[PDB]
Amino acid sequence: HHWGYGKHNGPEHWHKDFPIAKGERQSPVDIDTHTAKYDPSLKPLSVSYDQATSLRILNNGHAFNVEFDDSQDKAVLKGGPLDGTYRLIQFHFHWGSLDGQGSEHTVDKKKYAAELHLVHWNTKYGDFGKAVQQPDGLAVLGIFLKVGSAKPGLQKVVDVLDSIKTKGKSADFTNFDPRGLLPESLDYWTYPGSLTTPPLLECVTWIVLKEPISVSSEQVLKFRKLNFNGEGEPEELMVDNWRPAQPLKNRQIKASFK
Ligand SMILES: Cc1c(Cl)c([N+](=O)[O-])nn1CC(=O)Nc1ccc(S(N)(=O)=O)cc1
Ligand SMILES: [Zn+2]
């Protein structure tokens with residue numbers, strides 16, 4: 001009886017195994033755009049993905065991850081609110097059963113159809129496992145998805161999902177360029193938070209882009225064909241794998257833009 005997204009193991013239950021669920025810097029949050037303060041000291045975000053080396057795509061039973069070789073100084077996030085250099089390790093999405101929900105962060109209570117998380121670890125801690133034990137260990141770049149025109153740079157991901165329908169399936173997924181998932185603008189909000197799935201560790205500087213990307217209805221429909229269950233188990237579609245907004249408590253959300 002491990003954690004998931006259902007009535008009996010979903011977000012409202014996670015605090016029993018992971019008491020930090022009720023902590024002081026949990027994610028996601030609602031971004032109140034009128035209360036977020038423009039901070040002219042914030043730097044432009046530096047996203048340098050020219051040398052990113054995707055390796056593999058994995059259905060891990062809660063989402064799918066596109067994994068990167070993070071053994072060298074490649075694919076890194078700097079600037080913005082960050083001190084020093086953060087290296088890309090994986091990306092994944094959260095999405096809904098319907099186009100009207102799926103994002104983890106919300107904007108003035110608006111839910112997007114999905115949310116992309118590009119996960120990076122602070123190179124001062126040497127690798128990901130040590131970084132998650134630190135309050136400035138990770139930087140997650142969050143990007144909203146709305147349904148409209150297709151995102152051509154997403155299609156390679158969509159097309160491999162049939163090969164990882166079920167929990168534990170992976171496929172080689174080399175040469176995927178995450179630059180194709182980025183909107184035009186790097187305007188962002190930022191706040192201190194947590195992992196949005198167990199273990200819910202309070203180690204993340206969240207950077208949420210204002211501009212969503214558009215994906216087609218057909219692209220997101222293919223996300224919704226994935227399964228939470230393993231092969232030869234009763235089918236439970238992988239949908240609504242999002243945690244709701246958590247209390248802001250004593251935090252300030254800062255905007256990079258006026
Ligand atoms: C904790 C841990 C360790 Cl340590 C390892 N490892 O292999 O070294 N893997 N993981 C798993 C993990 O929880 N990651 C995670 C990343 C991003 C998010 S999100 N939705 O972007 O906030 C939530 C969870
Ligand atoms: Zn996530």
# chains A, B, ... in the order shown; residues from 1 in each chain; ligands from 1
call {"tool": "select_by_dssp", "arguments": {"residues": "region 70-177 of chain A", "states": "helix (DSSP H, G or I)", "output": "list in words"}}
result
residues 123, 124, 125, 128, 129, 130, 131, 152, 153, 154, 155, 156, 157, 158, 159, 160, 161, 162, 163 and 164 of chain A
call {"tool": "write_last_selection", "arguments": {"atoms": "N, CA and C atoms", "output": "PDB file, in the first residue's frame"}}
result
ATOM      1  N   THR A 123      25.391  21.762  -8.452  1.00  0.00           N
ATOM      2  CA  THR A 123      26.656  21.045  -8.625  1.00  0.00           C
ATOM      3  C   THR A 123      27.586  21.136  -7.448  1.00  0.00           C
ATOM      4  N   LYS A 124      27.255  22.171  -6.390  1.00  0.00           N
ATOM      5  CA  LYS A 124      28.088  22.215  -5.213  1.00  0.00           C
ATOM      6  C   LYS A 124      27.899  20.984  -4.315  1.00  0.00           C
ATOM      7  N   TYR A 125      26.855  20.179  -4.533  1.00  0.00           N
ATOM      8  CA  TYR A 125      26.619  18.992  -3.699  1.00  0.00           C
ATOM      9  C   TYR A 125      27.000  17.679  -4.388  1.00  0.00           C
ATOM     10  N   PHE A 128      22.843  14.198  -7.305  1.00  0.00           N
ATOM     11  CA  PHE A 128      21.428  14.434  -6.985  1.00  0.00           C
ATOM     12  C   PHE A 128      21.018  13.980  -5.582  1.00  0.00           C
ATOM     13  N   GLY A 129      21.474  12.792  -5.195  1.00  0.00           N
ATOM     14  CA  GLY A 129      21.092  12.240  -3.902  1.00  0.00           C
ATOM     15  C   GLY A 129      21.542  13.076  -2.697  1.00  0.00           C
ATOM     16  N   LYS A 130      22.724  13.662  -2.784  1.00  0.00           N
ATOM     17  CA  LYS A 130      23.173  14.586  -1.738  1.00  0.00           C
ATOM     18  C   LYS A 130      22.445  15.919  -1.842  1.00  0.00           C
ATOM     19  N   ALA A 131      22.195  16.368  -3.078  1.00  0.00           N
ATOM     20  CA  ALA A 131      21.540  17.656  -3.272  1.00  0.00           C
ATOM     21  C   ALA A 131      20.152  17.700  -2.648  1.00  0.00           C
ATOM     22  N   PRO A 152       5.768  20.784 -31.867  1.00  0.00           N
ATOM     23  CA  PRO A 152       6.487  19.783 -32.661  1.00  0.00           C
ATOM     24  C   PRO A 152       7.618  19.084 -31.910  1.00  0.00           C
ATOM     25  N   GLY A 153       8.284  19.815 -31.020  1.00  0.00           N
ATOM     26  CA  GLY A 153       9.383  19.261 -30.252  1.00  0.00           C
ATOM     27  C   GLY A 153       8.998  18.260 -29.175  1.00  0.00           C
ATOM     28  N   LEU A 154       7.705  18.143 -28.891  1.00  0.00           N
ATOM     29  CA  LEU A 154       7.189  17.126 -27.982  1.00  0.00           C
ATOM     30  C   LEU A 154       6.909  15.779 -28.660  1.00  0.00           C
ATOM     31  N   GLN A 155       6.788  15.765 -29.991  1.00  0.00           N
ATOM     32  CA  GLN A 155       6.251  14.583 -30.654  1.00  0.00           C
ATOM     33  C   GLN A 155       7.127  13.353 -30.474  1.00  0.00           C
ATOM     34  N   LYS A 156       8.450  13.519 -30.456  1.00  0.00           N
ATOM     35  CA  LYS A 156       9.340  12.359 -30.229  1.00  0.00           C
ATOM     36  C   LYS A 156       9.050  11.653 -28.893  1.00  0.00           C
ATOM     37  N   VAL A 157       8.704  12.431 -27.877  1.00  0.00           N
ATOM     38  CA  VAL A 157       8.316  11.880 -26.578  1.00  0.00           C
ATOM     39  C   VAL A 157       6.979  11.127 -26.690  1.00  0.00           C
ATOM     40  N   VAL A 158       5.990  11.788 -27.284  1.00  0.00           N
ATOM     41  CA  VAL A 158       4.665  11.198 -27.474  1.00  0.00           C
ATOM     42  C   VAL A 158       4.756   9.851 -28.182  1.00  0.00           C
ATOM     43  N   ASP A 159       5.553   9.787 -29.240  1.00  0.00           N
ATOM     44  CA  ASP A 159       5.613   8.570 -30.040  1.00  0.00           C
ATOM     45  C   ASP A 159       6.272   7.362 -29.370  1.00  0.00           C
ATOM     46  N   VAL A 160       7.084   7.577 -28.345  1.00  0.00           N
ATOM     47  CA  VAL A 160       7.747   6.482 -27.652  1.00  0.00           C
ATOM     48  C   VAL A 160       6.870   5.923 -26.506  1.00  0.00           C
ATOM     49  N   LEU A 161       5.795   6.640 -26.140  1.00  0.00           N
ATOM     50  CA  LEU A 161       4.996   6.237 -24.980  1.00  0.00           C
ATOM     51  C   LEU A 161       4.322   4.876 -25.103  1.00  0.00           C
ATOM     52  N   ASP A 162       3.985   4.476 -26.324  1.00  0.00           N
ATOM     53  CA  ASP A 162       3.445   3.135 -26.560  1.00  0.00           C
ATOM     54  C   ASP A 162       4.374   2.016 -26.113  1.00  0.00           C
ATOM     55  N   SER A 163       5.676   2.292 -26.119  1.00  0.00           N
ATOM     56  CA  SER A 163       6.668   1.300 -25.703  1.00  0.00           C
ATOM     57  C   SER A 163       6.916   1.270 -24.191  1.00  0.00           C
ATOM     58  N   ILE A 164       6.361   2.238 -23.454  1.00  0.00           N
ATOM     59  CA  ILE A 164       6.480   2.266 -21.999  1.00  0.00           C
ATOM     60  C   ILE A 164       5.133   2.416 -21.279  1.00  0.00           C
TER      61      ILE A 164
END
call {"tool": "residues_near_ligand", "arguments": {"ligand": "ligand 1", "cutoff": "7 Å", "atoms": "only C-alpha atoms and all ligand atoms", "output": "ChimeraX atom specification"}}
result
/A:117-119,128-129,132,140,194-199
call {"tool": "select_by_dssp", "arguments": {"residues": "region 46-243 of chain A", "states": "strand (DSSP E or B)", "output": "count of residues only"}}
result
70
call {"tool": "closest_residue", "arguments": {"among": "A:60, A:46, A:106, A:65", "to": "residue 93 (chain A)", "atoms": "only C-alpha atoms"}}
result
A:65
call {"tool": "closest_residue", "arguments": {"among": "A:193, A:178, A:212, A:142", "to": "residue 21 (chain A)", "atoms": "only C-alpha atoms"}}
result
A:193
call {"tool": "residues_around", "arguments": {"residues": "residue 138 (chain A)", "least_positions_apart": "2", "cutoff": "6 Å", "atoms": "only C-alpha atoms", "output": "list in words"}}
result
residues 120, 121, 122, 136, 203 and 204 of chain A
call {"tool": "closest_residue", "arguments": {"among": "A:39, A:202, A:218, A:115", "to": "ligand 2", "atoms": "only C-alpha atoms and all ligand atoms"}}
result
A:115
call {"tool": "residues_around", "arguments": {"residues": "region 77-89 of chain A", "least_positions_apart": "3", "cutoff": "10 Å", "atoms": "only C-alpha atoms", "output": "ChimeraX atom specification"}}
result
/A:39,41-49,52-54,65-74,118-125,127-128,136-141,186-191,205-207,254,256
call {"tool": "residues_around", "arguments": {"residues": "region 230-247 of chain A", "least_positions_apart": "5", "cutoff": "7 Å", "atoms": "only C-alpha atoms", "output": "JSON, numbers by chain"}}
result
{"A": [5, 11, 26, 27, 28, 29, 30, 62, 94, 95, 96, 97, 102, 103, 104, 105, 166, 167, 196, 224, 225]}
call {"tool": "write_last_selection", "arguments": {"atoms": "C-alpha atoms", "output": "PDB file, in the first residue's frame"}}
result
ATOM      1  CA  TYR A   5      -2.905   9.404  -6.663  1.00  0.00           C
ATOM      2  CA  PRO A  11      -2.142  13.411  -1.752  1.00  0.00           C
ATOM      3  CA  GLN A  26       5.568  22.544   0.418  1.00  0.00           C
ATOM      4  CA  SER A  27       4.841  22.604  -3.297  1.00  0.00           C
ATOM      5  CA  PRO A  28       2.990  23.250  -5.472  1.00  0.00           C
ATOM      6  CA  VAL A  29       1.264  26.555  -4.605  1.00  0.00           C
ATOM      7  CA  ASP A  30      -1.219  28.922  -6.172  1.00  0.00           C
ATOM      8  CA  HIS A  62       3.736   7.800 -11.251  1.00  0.00           C
ATOM      9  CA  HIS A  94       1.916  15.992 -14.529  1.00  0.00           C
ATOM     10  CA  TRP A  95      -1.431  15.974 -16.329  1.00  0.00           C
ATOM     11  CA  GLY A  96      -5.151  15.536 -15.964  1.00  0.00           C
ATOM     12  CA  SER A  97      -7.993  13.270 -17.053  1.00  0.00           C
ATOM     13  CA  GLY A 102      -3.533  18.623 -14.623  1.00  0.00           C
ATOM     14  CA  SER A 103      -1.092  21.330 -13.536  1.00  0.00           C
ATOM     15  CA  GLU A 104       0.362  21.349 -10.038  1.00  0.00           C
ATOM     16  CA  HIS A 105       0.990  25.060  -9.768  1.00  0.00           C
ATOM     17  CA  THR A 166       3.320   0.254 -18.127  1.00  0.00           C
ATOM     18  CA  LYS A 167       5.164   0.717 -14.756  1.00  0.00           C
ATOM     19  CA  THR A 196       5.733  17.544  -5.255  1.00  0.00           C
ATOM     20  CA  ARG A 224      -3.553   9.706 -20.902  1.00  0.00           C
ATOM     21  CA  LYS A 225      -3.113   6.226 -22.497  1.00  0.00           C
TER      22      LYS A 225
END
call {"tool": "closest_residue", "arguments": {"among": "A:58, A:213, A:181, A:116", "to": "ligand 2", "atoms": "only C-alpha atoms and all ligand atoms"}}
result
A:116
call {"tool": "closest_residue", "arguments": {"among": "A:56, A:8, A:92, A:15", "to": "ligand 2", "atoms": "only C-alpha atoms and all ligand atoms"}}
result
A:92
call {"tool": "decode", "arguments": {"residues": "region 2-25 of chain A", "atoms": "N, CA and C atoms", "output": "short mmCIF file (atom, residue, chain, number, x, y, z; two decimals), in the first residue's frame"}}
result
data_model
loop_
_atom_site.label_atom_id
_atom_site.label_comp_id
_atom_site.auth_asym_id
_atom_site.auth_seq_id
_atom_site.Cartn_x
_atom_site.Cartn_y
_atom_site.Cartn_z
N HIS A 2 1.54 1.49 -1.11
CA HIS A 2 2.42 2.64 -1.27
C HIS A 2 1.66 3.82 -1.87
N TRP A 3 2.30 4.97 -1.83
CA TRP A 3 1.66 6.21 -2.23
C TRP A 3 1.33 6.23 -3.71
N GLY A 4 0.29 6.98 -4.04
CA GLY A 4 -0.07 7.20 -5.43
C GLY A 4 -1.01 8.38 -5.51
N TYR A 5 -1.98 8.29 -6.41
CA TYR A 5 -2.90 9.40 -6.66
C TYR A 5 -4.40 9.10 -6.40
N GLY A 6 -4.70 7.88 -5.92
CA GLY A 6 -6.08 7.42 -5.63
C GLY A 6 -6.73 7.90 -4.35
N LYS A 7 -7.97 7.46 -4.14
CA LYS A 7 -8.76 7.86 -2.96
C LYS A 7 -8.10 7.43 -1.66
N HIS A 8 -7.46 6.26 -1.70
CA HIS A 8 -6.92 5.67 -0.47
C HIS A 8 -5.43 5.81 -0.32
N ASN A 9 -4.72 6.30 -1.36
CA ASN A 9 -3.27 6.51 -1.26
C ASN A 9 -2.76 7.85 -1.83
N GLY A 10 -3.68 8.76 -2.15
CA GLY A 10 -3.36 9.98 -2.86
C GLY A 10 -2.86 11.07 -1.94
N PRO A 11 -2.74 12.29 -2.47
CA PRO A 11 -2.14 13.41 -1.75
C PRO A 11 -2.62 13.64 -0.34
N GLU A 12 -3.89 13.40 -0.05
CA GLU A 12 -4.38 13.64 1.31
C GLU A 12 -3.90 12.59 2.34
N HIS A 13 -3.33 11.50 1.85
CA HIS A 13 -2.79 10.43 2.69
C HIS A 13 -1.27 10.51 2.88
N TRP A 14 -0.57 11.28 2.03
CA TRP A 14 0.89 11.20 2.00
C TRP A 14 1.56 11.56 3.32
N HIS A 15 0.94 12.45 4.09
CA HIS A 15 1.51 12.89 5.36
C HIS A 15 1.75 11.77 6.37
N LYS A 16 1.05 10.65 6.24
CA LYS A 16 1.24 9.54 7.19
C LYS A 16 2.63 8.90 7.02
N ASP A 17 3.03 8.64 5.77
CA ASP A 17 4.38 8.12 5.51
C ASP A 17 5.44 9.20 5.42
N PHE A 18 5.02 10.43 5.11
CA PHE A 18 5.94 11.54 4.84
C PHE A 18 5.41 12.77 5.56
N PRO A 19 5.65 12.87 6.87
CA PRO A 19 5.07 13.97 7.65
C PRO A 19 5.45 15.37 7.21
N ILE A 20 6.55 15.52 6.46
CA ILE A 20 6.94 16.80 5.87
C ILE A 20 5.87 17.32 4.89
N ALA A 21 4.93 16.46 4.48
CA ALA A 21 3.79 16.88 3.68
C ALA A 21 3.06 18.09 4.24
N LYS A 22 3.08 18.24 5.57
CA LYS A 22 2.46 19.38 6.27
C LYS A 22 3.48 20.43 6.69
N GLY A 23 4.62 20.48 5.99
CA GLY A 23 5.73 21.34 6.35
C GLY A 23 5.52 22.79 5.95
N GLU A 24 6.57 23.56 6.16
CA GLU A 24 6.51 25.01 5.97
C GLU A 24 6.86 25.49 4.56
N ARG A 25 7.36 24.63 3.69
CA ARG A 25 7.71 25.04 2.34
C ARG A 25 7.36 23.95 1.31
#
